[PDB]
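> one piece of my complex first, more on the way:
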Amino acid sequence: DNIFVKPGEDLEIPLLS
Amino acid sequence: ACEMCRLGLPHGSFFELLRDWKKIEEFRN
């Protein structure tokens, strides 16, 4: 049920500051 | 109704891919 994204991987990108 | 077609000039996705491909190869050499 996970093949390419690994369980608990964070693919959200910090905004710039 | 395309001006570059009527002018016989290269354009479109295949031409853009060609030029970009050349930029990459030149840079890597």
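Great, that's in hand. Numbering: from 1, shown residues only, chains lettered A, B, ... in the order given.
> tell me how far the longest helix seen in chain B is from the chain's mean position?
Using DSSP state H, we find that the single longest helix of chain B is helix B:13-28. Put simply, helix B:13-28 sits 8 Å off its chain's centre (C-alpha atoms, centre = their mean, to the nearest Å).
> and if you look at stretch B:8-20?
Centroid displacement of stretch B:8-20 relative to its chain, using C-alpha atoms, centre = their mean, is 2 Å.
> do stretch A:2-12 as well
Relative to its chain's centre, stretch A:2-12 lies at 5 Å (C-alpha atoms, centre = their mean).
> repeat for stretch B:21-29
Chain-centre distance of stretch B:21-29: 14 Å, with C-alpha atoms, centre = their mean.
> same deal with stretch B:2-12?
The chain centroid and the centroid of stretch B:2-12 are separated by 11 Å under C-alpha atoms, centre = their mean.
> Give me the most central residue, chain B.
In chain B, the centroid-proximal residue (C-alpha atoms, centre = their mean) is residue B:15; its distance is 2.5 Å.
> do you know how far that residue is from residue B:26?
17 Å (C-beta to C-beta, to the nearest Å). The way it works is simple: take the backbone N, C-alpha and C, and place the C-beta from them, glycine included.
> Residue A:17 too?
37 Å.
> Neighbour count: these two, which is higher?
Neighbours per residue (other C-beta atoms under 10 Å in any protein chain shown) separate residue A:17 from residue B:26, with residue B:26 holding more: 8 against 3.
> And that one, how close does it get to residue B:12?
Taking C-beta to C-beta, one finds residue B:26 at 22 Å from residue B:12.
> next up, chain C:
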Amino acid sequence: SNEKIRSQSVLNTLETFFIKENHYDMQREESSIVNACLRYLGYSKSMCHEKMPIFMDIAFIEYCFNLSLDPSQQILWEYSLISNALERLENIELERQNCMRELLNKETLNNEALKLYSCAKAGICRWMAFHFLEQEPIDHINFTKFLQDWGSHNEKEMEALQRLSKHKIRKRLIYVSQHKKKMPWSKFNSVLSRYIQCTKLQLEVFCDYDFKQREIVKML
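So, slotting chain C in with the rest:
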């Protein structure tokens, strides 16, 4: 048109060079045939308004970002090239989405590709922005053009990115160094590679593409 028949045959030849189980990379020994094929299509009057086959965009993305490697991968951060690459990546995603809408679960695969796509795209745009900010003087015209076309139109992000282009070079460089460390290119290399492989698998399994994924689909 016989020129169209010749062009389609050139496309079929490129397929046998471009389509890989893993990621394409140009071999010095294939350079002359590949280049001659690309140039022929690039000046072929009958291909000017033909659709680019998806295997060609995928090969471009693999070549442009050097996805065959896992080290500095000699990416050419040039505004015009990277803007074209993002448009190409978007065509791929557009086509993947249509495939899903007509051994593997569709809802899981679509969600994985979407998450990888969005991460990969944001990484490419951010590193293009970093390159702009690391030059002195800044090319503000192309920087702005690039942010409108591809910078996620958030209020306080483009707010800040345009303030930062007006900081002085030493401060821009300190800030760019910190954000590059917070988010190294190796992460986006991995996400983008996995996006391409995910897309290749879905297209083969669910539609009538062959991306030489047979040995991967079998292990499911």
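> Enumerate every residue touching residue A:3.
By C-beta atoms under 8 Å, 6 or more residues apart in numbering or on different chains, the contact set of residue A:3 is C:108-109, C:112, C:198.
> Show me the subset of these that also lies near chain A.
Residues of these in contact with chain A (C-beta under 8 Å from any C-beta of the partner chain): C:108-109, C:112, C:198.
> Could you turn the buried ones of the residues you listed into a ChimeraX selection?
Buried residues within the ones next to chain A among the contacts of residue A:3, by 16 or more other C-beta atoms under 10 Å in any protein chain shown, are selected in ChimeraX with:
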select /C:109,112,198
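> circling back to that earlier point, let me know whether the longest helix of chain B sits next to chain C.
Yes - using C-beta under 8 Å from any C-beta, helix B:13-28 reaches chain C at B:13-21, B:23-25, B:27-28.
> Surely the residue nearest to the centre of chain B is in contact with residue C:45?
No - using C-beta atoms under 8 Å, residue B:15 is not in contact with residue C:45; the gap is 10.5 Å.
> Close to chain A: what parts of chain C are there?
Counting by C-beta under 8 Å from any C-beta, the residues of chain C near chain A are C:105, C:108-109, C:112-113, C:115-116, C:118-119, C:122-123, C:126, C:154, C:156-157, C:160-161, C:164, C:179, C:182-183, C:191, C:194-195, C:197-198.
> Pull out the buried residues from the longest helix of chain B.
For helix B:13-28, by 16+ other C-beta under 10 Å, it's B:13-18, B:20-21, B:23-24.
> what sits against residue C:142?
When contacts are counted by C-beta under 8 Å, 6+ apart, residue C:142 is found next to C:79, C:132.
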